[PDB]
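target.txt follows (compact mmCIF, C-alpha atoms and all ligand atoms):
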# COMPACT_ATOMS: atom_id res chain seq x y z
CA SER A 5 276.89 84.17 174.95
CA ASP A 6 273.08 84.87 174.92
CA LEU A 7 269.89 82.73 174.62
CA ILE A 8 267.19 82.26 171.90
CA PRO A 9 265.05 85.42 172.47
CA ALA A 10 261.84 84.83 174.54
CA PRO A 11 258.50 84.92 172.67
CA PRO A 12 256.00 87.78 173.20
CA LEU A 13 252.96 86.98 175.46
CA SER A 14 250.81 87.45 172.29
CA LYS A 15 252.07 83.95 171.15
CA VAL A 16 251.31 82.33 174.55
CA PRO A 17 247.69 81.28 175.19
CA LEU A 18 246.27 81.82 178.72
CA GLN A 19 243.81 79.25 180.15
CA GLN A 20 240.44 81.13 180.07
CA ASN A 21 238.27 81.23 183.26
CA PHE A 22 241.26 79.83 185.27
CA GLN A 23 239.94 78.05 188.45
CA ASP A 24 242.68 78.56 191.10
CA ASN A 25 240.82 76.22 193.58
CA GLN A 26 240.93 73.30 191.04
CA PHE A 27 244.64 73.83 190.10
CA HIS A 28 245.88 73.28 193.73
CA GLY A 29 247.62 70.09 194.94
CA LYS A 30 250.29 67.80 193.47
CA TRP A 31 251.55 67.95 189.85
CA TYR A 32 254.40 65.89 188.30
CA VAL A 33 256.83 67.60 185.85
CA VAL A 34 256.39 65.15 182.85
CA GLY A 35 258.09 67.49 180.31
CA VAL A 36 260.40 70.55 180.44
CA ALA A 37 261.54 72.75 177.51
CA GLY A 38 263.60 75.98 177.61
CA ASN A 39 266.40 78.10 176.09
CA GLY A 40 268.47 78.03 179.35
CA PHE A 41 269.49 74.30 179.62
CA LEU A 42 270.55 71.40 177.28
CA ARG A 43 269.38 67.72 177.17
CA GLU A 44 272.43 66.42 179.16
CA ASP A 45 273.13 62.71 178.33
CA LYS A 46 275.01 61.89 181.61
CA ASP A 47 273.07 64.24 184.01
CA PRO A 48 269.34 64.03 183.11
CA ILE A 49 266.44 66.20 184.41
CA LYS A 50 264.68 64.18 187.19
CA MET A 51 260.86 63.89 187.45
CA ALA A 52 259.72 65.77 190.59
CA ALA A 53 256.32 66.58 192.10
CA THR A 54 255.34 70.25 192.45
CA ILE A 55 252.88 71.22 195.23
CA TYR A 56 250.43 74.16 194.92
CA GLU A 57 248.83 75.55 198.10
CA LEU A 58 246.13 78.23 197.44
CA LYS A 59 246.24 81.09 200.03
CA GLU A 60 243.27 83.35 201.02
CA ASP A 61 245.10 86.29 199.23
CA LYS A 62 244.84 84.19 195.96
CA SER A 63 248.65 83.67 195.85
CA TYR A 64 249.97 80.08 195.84
CA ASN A 65 252.80 78.72 197.93
CA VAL A 66 254.57 76.41 195.45
CA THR A 67 257.06 73.66 196.45
CA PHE A 68 259.19 72.16 193.67
CA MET A 69 262.58 70.64 192.88
CA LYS A 70 265.07 73.48 192.16
CA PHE A 71 265.67 74.11 188.42
CA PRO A 72 267.28 72.63 186.47
CA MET A 73 266.03 69.55 188.49
CA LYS A 74 269.34 67.52 188.40
CA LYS A 75 269.91 67.59 192.23
CA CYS A 76 267.27 66.33 194.73
CA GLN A 77 266.96 69.81 196.34
CA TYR A 78 263.51 71.40 196.95
CA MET A 79 262.40 75.00 197.50
CA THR A 80 259.20 76.87 198.35
CA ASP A 81 258.30 80.21 196.74
CA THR A 82 255.12 82.23 196.03
CA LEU A 83 252.99 82.71 192.88
CA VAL A 84 251.59 86.28 193.30
CA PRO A 85 248.47 87.24 191.24
CA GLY A 86 249.31 88.65 187.78
CA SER A 87 247.28 90.67 185.21
CA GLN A 88 244.60 87.93 184.91
CA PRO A 89 243.58 84.68 186.68
CA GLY A 90 246.06 81.94 185.62
CA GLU A 91 248.96 84.41 185.24
CA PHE A 92 251.34 85.05 188.18
CA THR A 93 254.82 86.29 189.14
CA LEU A 94 257.18 83.75 190.81
CA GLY A 95 260.19 85.11 192.79
CA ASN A 96 262.63 82.22 192.25
CA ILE A 97 263.02 78.80 190.49
CA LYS A 98 266.41 78.05 192.17
CA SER A 99 268.98 79.90 194.36
CA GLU A 100 269.06 83.29 192.54
CA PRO A 101 271.68 85.79 193.87
CA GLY A 102 270.95 88.16 190.90
CA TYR A 103 267.97 90.42 190.02
CA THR A 104 265.70 87.65 188.66
CA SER A 105 261.97 86.79 188.77
CA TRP A 106 259.48 84.97 186.54
CA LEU A 107 256.18 85.60 184.75
CA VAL A 108 254.03 82.42 184.93
CA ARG A 109 251.13 81.81 182.52
CA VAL A 110 248.97 78.66 182.69
CA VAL A 111 248.67 78.01 178.92
CA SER A 112 246.15 75.10 179.22
CA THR A 113 244.85 72.64 181.84
CA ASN A 114 241.86 70.33 182.55
CA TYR A 115 242.78 70.39 186.34
CA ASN A 116 242.32 66.59 186.89
CA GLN A 117 244.92 65.26 184.35
CA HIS A 118 247.30 67.77 182.61
CA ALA A 119 248.58 71.35 182.47
CA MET A 120 251.08 73.31 180.36
CA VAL A 121 252.74 76.30 182.06
CA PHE A 122 254.91 79.00 180.49
CA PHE A 123 257.68 80.80 182.44
CA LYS A 124 259.71 83.83 181.24
CA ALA A 125 262.23 86.13 183.02
CA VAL A 126 260.49 89.42 184.08
CA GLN A 127 263.72 91.48 183.67
CA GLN A 128 263.96 93.61 180.46
CA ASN A 129 267.51 92.37 179.54
CA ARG A 130 266.80 88.61 180.20
CA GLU A 131 265.59 86.10 177.52
CA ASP A 132 265.25 83.05 179.89
CA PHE A 133 262.00 81.08 179.30
CA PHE A 134 260.77 77.51 179.77
CA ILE A 135 257.55 75.46 179.57
CA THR A 136 256.55 72.61 181.93
CA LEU A 137 254.05 69.83 181.09
CA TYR A 138 252.28 68.88 184.40
CA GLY A 139 250.56 65.49 185.01
CA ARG A 140 248.38 64.50 188.00
CA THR A 141 250.17 61.13 187.31
CA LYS A 142 253.80 60.41 186.20
CA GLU A 143 252.56 59.33 182.70
CA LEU A 144 250.59 61.21 179.97
CA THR A 145 249.24 60.16 176.51
CA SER A 146 251.34 60.33 173.27
CA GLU A 147 248.78 63.07 172.26
CA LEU A 148 249.56 65.25 175.33
CA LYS A 149 253.38 64.80 174.86
CA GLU A 150 253.29 65.57 171.07
CA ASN A 151 251.22 68.76 171.83
CA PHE A 152 253.95 69.87 174.31
CA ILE A 153 256.71 69.34 171.62
CA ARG A 154 254.49 71.32 169.18
CA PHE A 155 254.01 74.26 171.61
CA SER A 156 257.75 74.21 172.63
CA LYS A 157 258.90 74.38 168.95
CA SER A 158 256.33 77.18 168.22
CA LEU A 159 258.44 79.35 170.63
CA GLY A 160 261.68 78.75 168.55
CA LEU A 161 263.11 75.81 170.62
CA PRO A 162 265.09 73.14 168.72
CA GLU A 163 264.58 69.42 169.65
CA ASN A 164 267.71 69.33 171.94
CA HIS A 165 266.00 71.94 174.26
CA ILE A 166 262.91 69.67 174.95
CA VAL A 167 263.18 66.89 177.66
CA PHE A 168 260.82 64.19 179.09
CA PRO A 169 262.08 63.07 182.55
CA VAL A 170 261.91 59.24 183.14
CA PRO A 171 258.84 58.56 185.36
CA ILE A 172 261.27 56.91 187.88
CA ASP A 173 264.01 57.96 190.40
CA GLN A 174 262.21 59.12 193.59
CA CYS A 175 265.74 60.62 194.28
CA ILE A 176 267.19 57.60 196.22
CA CA B 1 264.61 85.66 192.23
Rewrite the structure of this file - the entire thing - as structure tokens.
Amino acid sequence: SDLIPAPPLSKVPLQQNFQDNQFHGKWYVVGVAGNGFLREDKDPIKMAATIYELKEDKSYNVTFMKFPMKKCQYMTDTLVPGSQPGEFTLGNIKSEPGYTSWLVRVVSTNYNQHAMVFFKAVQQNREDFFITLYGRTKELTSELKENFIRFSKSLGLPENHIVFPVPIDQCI
């Protein structure tokens, strides 16, 4: 009853010279892909803003809709500095009563338009991973979306594990 094994970090690019002070602010989740959820027809992933606040200790406070982003419930957690700039540990992506935490690698960004971010369970026995496509706006180019499908598939994901939330539903 297990998941598609997570890729090694060797297959995941890291944004070089990551600028933490340009990555802060509001990002929309334009695309989500992962091994741990299915493209539900009658309960779709909602588009939600994610807020990054940069702290003086170079952590971020991050505010986001709880995964898997089907209920209009938000949480705040912390991105703690990882091995390099642009890589972090995140404590939680939802209510997690088990021994669970997340490695976060900013794969690519241009700060003012798009980002792609990789997440994988830290725990040795866990295979959970996902990728988010961030937009400063609710819409991104065909080119940016196709590149997200490309990256997502490169990590073993089939098409039914890749979703683009409708840039609508402010969770009324
Ligand atoms: Ca946790």
Neighbour list for residue 118 of chain A as number ranges by chain, cut-off 8 Å, only C-alpha atoms, skip fewer than 3 positions in-chain: A: 113-115, 137-140, 144
Shell around segment 57-64 of chain A at 6 Å using all atoms listed in the file, local window under 3 positions removed, as JSON, numbers by chain: {"A": [28, 82, 83, 84, 85]}
Distance criterion (all atoms listed in the file): nearest to ligand CA 1 (chain B) out of A:111, A:106, A:169, A:148: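 For ligand CA 1 (chain B), the nearest of the candidates is A:106.
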Top pick for closest residue to residue 9 of chain A, considering A:30, A:130, A:109, A:70 and counting all atoms listed in the file: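 Among A:30, A:130, A:109, A:70, it is A:130 that comes nearest to residue 9 of chain A.
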Shell of 7 Å around ligand CA 1 (chain B) (all atoms listed in the file), written as an MDAnalysis selection string: chainID A and resid 95:96 100 102:105
I need the residues from that last selection saved to file as a PDB file, in the frame of the given file (with C-alpha atoms), if you can.
ATOM      1  CA  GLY A  95     260.190  85.110 192.790  1.00  0.00           C
ATOM      2  CA  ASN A  96     262.630  82.220 192.250  1.00  0.00           C
ATOM      3  CA  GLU A 100     269.060  83.290 192.540  1.00  0.00           C
ATOM      4  CA  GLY A 102     270.950  88.160 190.900  1.00  0.00           C
ATOM      5  CA  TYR A 103     267.970  90.420 190.020  1.00  0.00           C
ATOM      6  CA  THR A 104     265.700  87.650 188.660  1.00  0.00           C
ATOM      7  CA  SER A 105     261.970  86.790 188.770  1.00  0.00           C
TER       8      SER A 105
END
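Nearest residue to residue 45 of chain A among A:29, A:10, A:164, A:142 is A:164, counting all atoms listed in the file.
In this model, the gap between atom CA of residue 88 of chain A and atom CA of residue 147 of chain A comes to 28.2 Å.
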Residue 16 of chain A surroundings by all atoms listed in the file, 10 Å radius, close-in-sequence under 2 positions cut, as a list in words: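 So, after excluding close chain neighbours, the residues are residues 11, 12, 13, 14, 18, 19, 109, 110, 111, 121, 122, 155, 158 and 159 of chain A.
For the set A:152, A:71, A:41, A:92, the residue with the smallest atom-to-atom gap to residue 7 of chain A is A:41, counting all atoms listed in the file.
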Can you tell me which residues surround residue 49 of chain A at a distance of at most 10 Å, considering only C-alpha atoms, apart from same-chain residues fewer than 4 positions away, and format the answer as a PDB file with C-alpha atoms, keeping the file's coordinate frame?
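The new file result_11.pdb reads:
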ATOM      1  CA  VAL A  33     256.830  67.600 185.850  1.00  0.00           C
ATOM      2  CA  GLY A  35     258.090  67.490 180.310  1.00  0.00           C
ATOM      3  CA  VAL A  36     260.400  70.550 180.440  1.00  0.00           C
ATOM      4  CA  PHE A  41     269.490  74.300 179.620  1.00  0.00           C
ATOM      5  CA  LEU A  42     270.550  71.400 177.280  1.00  0.00           C
ATOM      6  CA  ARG A  43     269.380  67.720 177.170  1.00  0.00           C
ATOM      7  CA  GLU A  44     272.430  66.420 179.160  1.00  0.00           C
ATOM      8  CA  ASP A  45     273.130  62.710 178.330  1.00  0.00           C
ATOM      9  CA  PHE A  71     265.670  74.110 188.420  1.00  0.00           C
ATOM     10  CA  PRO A  72     267.280  72.630 186.470  1.00  0.00           C
ATOM     11  CA  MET A  73     266.030  69.550 188.490  1.00  0.00           C
ATOM     12  CA  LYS A  74     269.340  67.520 188.400  1.00  0.00           C
ATOM     13  CA  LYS A  75     269.910  67.590 192.230  1.00  0.00           C
ATOM     14  CA  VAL A 167     263.180  66.890 177.660  1.00  0.00           C
ATOM     15  CA  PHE A 168     260.820  64.190 179.090  1.00  0.00           C
ATOM     16  CA  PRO A 169     262.080  63.070 182.550  1.00  0.00           C
ATOM     17  CA  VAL A 170     261.910  59.240 183.140  1.00  0.00           C
TER      18      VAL A 170
END
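Across A:93, A:40, A:68, A:34, the tightest approach to residue 136 of chain A is made by A:34 when counting only C-alpha atoms.
Surrounding residues of (258.5, 83.5, 184.5) at most 6 Å away are residues 106, 107, 108, 123, 124 and 125 of chain A (based on all atoms listed in the file).
Straight-line separation from atom CA of residue 39 of chain A to atom CA of residue 81 of chain A: 22.3 Å.
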Local residues around (262.9, 76.6, 171.8), at most 9 Å away, using all atoms listed in the file, as a ChimeraX atom specification: /A:8,10,37-39,133-134,156-166
One-decimal distance in Å that lies between atom CA of residue 79 of chain A and atom CA of residue 101 of chain A: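 Computing it gives 14.7 Å between the two atoms.
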Best match for closeness to residue 31 of chain A among A:97, A:76, A:117, A:65, counting all atoms listed in the file: A:117
Return the padded bounding box of segment 50-66 of chain A as JSON: axis-aligned, built from all atoms listed in the file, 5 Å added on each side, with centre and edge lengths in Å to one decimal.
{"center_x": 254.0, "center_y": 75.1, "center_z": 194.1, "size_x": 31.4, "size_y": 32.4, "size_z": 23.8}
Please rebuild segment 56-76 of chain A with N, CA and C atoms and give the result as a PDB file, keeping the file's coordinate frame.
ATOM      1  N   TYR A  56     251.145  72.859 194.901  1.00  0.00           N
ATOM      2  CA  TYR A  56     250.430  74.160 194.920  1.00  0.00           C
ATOM      3  C   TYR A  56     249.529  74.237 196.151  1.00  0.00           C
ATOM      4  N   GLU A  57     249.757  75.238 196.987  1.00  0.00           N
ATOM      5  CA  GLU A  57     248.830  75.550 198.100  1.00  0.00           C
ATOM      6  C   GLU A  57     248.193  76.917 197.833  1.00  0.00           C
ATOM      7  N   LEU A  58     246.869  76.971 197.726  1.00  0.00           N
ATOM      8  CA  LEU A  58     246.130  78.230 197.440  1.00  0.00           C
ATOM      9  C   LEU A  58     245.912  78.994 198.741  1.00  0.00           C
ATOM     10  N   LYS A  59     246.387  80.238 198.819  1.00  0.00           N
ATOM     11  CA  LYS A  59     246.240  81.090 200.030  1.00  0.00           C
ATOM     12  C   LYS A  59     244.964  81.932 199.884  1.00  0.00           C
ATOM     13  N   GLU A  60     244.471  82.481 200.999  1.00  0.00           N
ATOM     14  CA  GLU A  60     243.270  83.350 201.020  1.00  0.00           C
ATOM     15  C   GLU A  60     243.534  84.636 200.220  1.00  0.00           C
ATOM     16  N   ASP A  61     244.782  85.093 200.081  1.00  0.00           N
ATOM     17  CA  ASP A  61     245.100  86.290 199.230  1.00  0.00           C
ATOM     18  C   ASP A  61     245.261  85.925 197.734  1.00  0.00           C
ATOM     19  N   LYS A  62     244.898  84.702 197.349  1.00  0.00           N
ATOM     20  CA  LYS A  62     244.840  84.190 195.960  1.00  0.00           C
ATOM     21  C   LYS A  62     246.243  84.029 195.370  1.00  0.00           C
ATOM     22  N   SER A  63     247.293  84.180 196.168  1.00  0.00           N
ATOM     23  CA  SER A  63     248.650  83.670 195.850  1.00  0.00           C
ATOM     24  C   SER A  63     248.634  82.144 196.008  1.00  0.00           C
ATOM     25  N   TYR A  64     249.640  81.479 195.470  1.00  0.00           N
ATOM     26  CA  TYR A  64     249.970  80.080 195.840  1.00  0.00           C
ATOM     27  C   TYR A  64     251.317  80.074 196.522  1.00  0.00           C
ATOM     28  N   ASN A  65     251.470  79.246 197.559  1.00  0.00           N
ATOM     29  CA  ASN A  65     252.800  78.720 197.930  1.00  0.00           C
ATOM     30  C   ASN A  65     253.048  77.538 197.026  1.00  0.00           C
ATOM     31  N   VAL A  66     254.211  77.500 196.397  1.00  0.00           N
ATOM     32  CA  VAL A  66     254.570  76.410 195.450  1.00  0.00           C
ATOM     33  C   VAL A  66     255.870  75.777 195.959  1.00  0.00           C
ATOM     34  N   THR A  67     255.889  74.454 196.037  1.00  0.00           N
ATOM     35  CA  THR A  67     257.060  73.660 196.450  1.00  0.00           C
ATOM     36  C   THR A  67     257.446  72.772 195.269  1.00  0.00           C
ATOM     37  N   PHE A  68     258.713  72.814 194.900  1.00  0.00           N
ATOM     38  CA  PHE A  68     259.190  72.160 193.670  1.00  0.00           C
ATOM     39  C   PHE A  68     260.666  71.862 193.817  1.00  0.00           C
ATOM     40  N   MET A  69     261.139  70.928 193.002  1.00  0.00           N
ATOM     41  CA  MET A  69     262.580  70.640 192.880  1.00  0.00           C
ATOM     42  C   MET A  69     263.230  71.828 192.175  1.00  0.00           C
ATOM     43  N   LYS A  70     264.359  72.302 192.701  1.00  0.00           N
ATOM     44  CA  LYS A  70     265.070  73.480 192.160  1.00  0.00           C
ATOM     45  C   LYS A  70     265.459  73.203 190.703  1.00  0.00           C
ATOM     46  N   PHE A  71     265.200  74.164 189.819  1.00  0.00           N
ATOM     47  CA  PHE A  71     265.670  74.110 188.420  1.00  0.00           C
ATOM     48  C   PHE A  71     267.187  74.136 188.440  1.00  0.00           C
ATOM     49  N   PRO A  72     267.893  73.416 187.542  1.00  0.00           N
ATOM     50  CA  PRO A  72     267.280  72.630 186.470  1.00  0.00           C
ATOM     51  C   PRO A  72     266.945  71.161 186.779  1.00  0.00           C
ATOM     52  N   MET A  73     266.665  70.831 188.046  1.00  0.00           N
ATOM     53  CA  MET A  73     266.030  69.550 188.490  1.00  0.00           C
ATOM     54  C   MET A  73     266.987  68.370 188.240  1.00  0.00           C
ATOM     55  N   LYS A  74     268.279  68.561 188.522  1.00  0.00           N
ATOM     56  CA  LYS A  74     269.340  67.520 188.400  1.00  0.00           C
ATOM     57  C   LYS A  74     269.824  67.090 189.794  1.00  0.00           C
ATOM     58  N   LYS A  75     269.612  67.917 190.816  1.00  0.00           N
ATOM     59  CA  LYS A  75     269.910  67.590 192.230  1.00  0.00           C
ATOM     60  C   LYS A  75     268.571  67.453 192.949  1.00  0.00           C
ATOM     61  N   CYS A  76     268.514  66.613 193.973  1.00  0.00           N
ATOM     62  CA  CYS A  76     267.270  66.330 194.730  1.00  0.00           C
ATOM     63  C   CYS A  76     267.140  67.377 195.834  1.00  0.00           C
TER      64      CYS A  76
END
